[PDB]
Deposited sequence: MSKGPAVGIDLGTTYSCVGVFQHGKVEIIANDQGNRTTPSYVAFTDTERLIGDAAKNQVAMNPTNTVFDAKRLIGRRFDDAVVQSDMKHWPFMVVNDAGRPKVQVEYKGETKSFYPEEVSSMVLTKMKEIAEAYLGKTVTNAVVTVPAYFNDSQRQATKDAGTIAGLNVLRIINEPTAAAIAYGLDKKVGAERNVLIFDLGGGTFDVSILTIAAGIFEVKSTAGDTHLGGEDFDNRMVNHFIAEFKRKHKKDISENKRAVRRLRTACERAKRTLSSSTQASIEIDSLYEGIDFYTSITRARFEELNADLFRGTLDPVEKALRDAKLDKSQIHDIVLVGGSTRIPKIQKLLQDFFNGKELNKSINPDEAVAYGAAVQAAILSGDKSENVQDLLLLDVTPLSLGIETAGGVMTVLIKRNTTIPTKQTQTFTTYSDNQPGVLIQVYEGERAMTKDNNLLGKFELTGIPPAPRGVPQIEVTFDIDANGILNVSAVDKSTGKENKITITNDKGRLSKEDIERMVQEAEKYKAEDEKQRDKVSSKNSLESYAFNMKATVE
């Protein structure tokens, strides 16, 4: 039967299926299209999803949430140590691996984060099975773009424990782009910014899409920013208002604060569609009814620093991607908090009035994209960057990937050593900083360089690609006009789309190491007479 797409979120999970030409987001047994990523252990039973979230106040020590924060991580990781302080449940160290420790049926029990996430995935699998009336095994599960191999493998393991065959682990921003069909657009490469403010995290991702291939250029954000922060600002404001009006602090009473927080959450949602919301609480504290109102402008003022602060990760991602804001072709809004009008206005104003992609429910877009990809898995531009080896085994790119063909690019190079008699032109294809990590396509030598000090000889290297995709690489000694050249054949089927994707993924995985590495060689246009990779 059809594979499902699952957004395994920090706070909630969402499951969708592509059937009958459309994606259907599947509601749970309580009629909810999103299910809380919560697992609760009690004296008599294990609760998953809505039931677990509903009883959290009654059973805080044994209600687990935020397993995504621990997944694929070591106990001594700084993130784990800081996060544990904010959790009611215990996290224990089992041989360097974090485990949640809870009381279940009168017995102490410990679970790895992948096991807790497997329980959430089991609920999502069961919700899909109830809707489809058939067993669901195949699934595509989404993860944040910044997740490392350990976090990705642990997420896959959670699906495997749940009995799911994880066809692929895909980035949440990529899933959102697939939901908007941004990978179906034939033509020149497009730069896409995904603004994801929901699920307790703020994620900004910049992607480039061409020929159905996605590359993550940059990621930025705040792992501890979400709607709860906006609700807290309202709760503190109301606590102050009650204290000023009634000379009473309701902070001591946990239920009164809980009732106020629930009213604030509802009011914030009303403020997305209306300019004012009513707060009506009977007997909030000491028998005093709290009936009041909040304007959208007051809500915006209470959260002004948080809302404006969202632009700082957008600026950082643009800087990391080496792109101006004008170079973004598509902006996608993901996450429930993107419904807030002030956030939409701030982002649109930053982008000079550019329209935002927000037609898909922001809570369901990632699952929607995952479902589209799962169905695909169930049934001219350059593919890779082209360049030559410079001194130190460095990849110097003459043609970036996603360059339309035919194309011709020329750069000038020099000798690295004094009285260097010749240069070796080594042609490589790939996105890595060092040639050892890229693919060698061919090599040729330009000999007879007249003796000169290093940096004086000028060698012009030209990469020419025809419409058929054939690459001709030539080098000319600008002092004599002497030349040498190689023709590199483009075998049809030499590279699969998956082969290209793997090369792009490797660049994304080693981006920090490669970006730091580029700084090491001083010249960047100097050629040696030998292959660095063959040097002992």
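Of the deposited sequence, the ranges 1-3, 383-394, 552-554 have no C-alpha coordinates according to the record.
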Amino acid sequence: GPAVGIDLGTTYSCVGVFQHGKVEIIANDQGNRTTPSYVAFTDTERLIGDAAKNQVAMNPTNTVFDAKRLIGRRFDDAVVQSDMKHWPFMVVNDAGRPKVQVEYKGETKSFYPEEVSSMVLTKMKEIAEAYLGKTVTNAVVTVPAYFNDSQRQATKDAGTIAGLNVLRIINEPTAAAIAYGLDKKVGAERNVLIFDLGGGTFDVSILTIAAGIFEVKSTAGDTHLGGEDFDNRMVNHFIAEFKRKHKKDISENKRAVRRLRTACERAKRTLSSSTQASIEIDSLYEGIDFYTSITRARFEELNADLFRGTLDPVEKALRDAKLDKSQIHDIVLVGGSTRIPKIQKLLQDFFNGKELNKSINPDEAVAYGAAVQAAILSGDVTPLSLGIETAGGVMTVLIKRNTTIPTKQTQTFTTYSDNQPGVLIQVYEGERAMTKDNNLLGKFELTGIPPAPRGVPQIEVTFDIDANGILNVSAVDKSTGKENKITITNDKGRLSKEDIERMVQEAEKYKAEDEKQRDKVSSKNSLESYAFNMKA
From here on, numbers count along this sequence of modelled residues.
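Just so we're on the same page, rigid core means the largest C-alpha set that superposes within 1.5 Å between forms.
Here the rigid core sets the fit, and in 7 other deposited structures of this protein the C-alphas of 180-188 stray farther than those of the other stretch, out of 180-188 and 166-174.
Where the structures in 7 other deposited structures of this protein are fitted on the rigid core, 192-200 is the one of 192-200 and 205-213 whose C-alphas sit farther from the shown form on average. Across the two stretches, 188-196 and 102-110, the PDB entry reports the greater mean Cα temperature factor for 102-110.
As listed in the deposited structure, the average C-alpha B-factor of 29-37 and of 484-492 is greater for 484-492. Looking at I470, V64, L70, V473, the one whose CA carries the top B-factor in the deposited record is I470. The maximum CA B-factor among the listed residues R298, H246, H224, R266, taken from the PDB record, is found at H246.
In the deposited entry, the Cα temperature factor of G336 sits in the bottom third of values across the chain's modelled residues. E286: CA B factor in the highest third of modelled residues in this chain (values from the PDB entry). Among all modelled residues in this chain, the alpha-carbon of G379 has a temperature factor (C-alpha) in the highest third. When all modelled residues of the chain are sorted by CA temperature factor, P453 is found within the highest third. Residue-level temperature factors show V15 in the lowest third of its chain, judged at the C-alpha atom.
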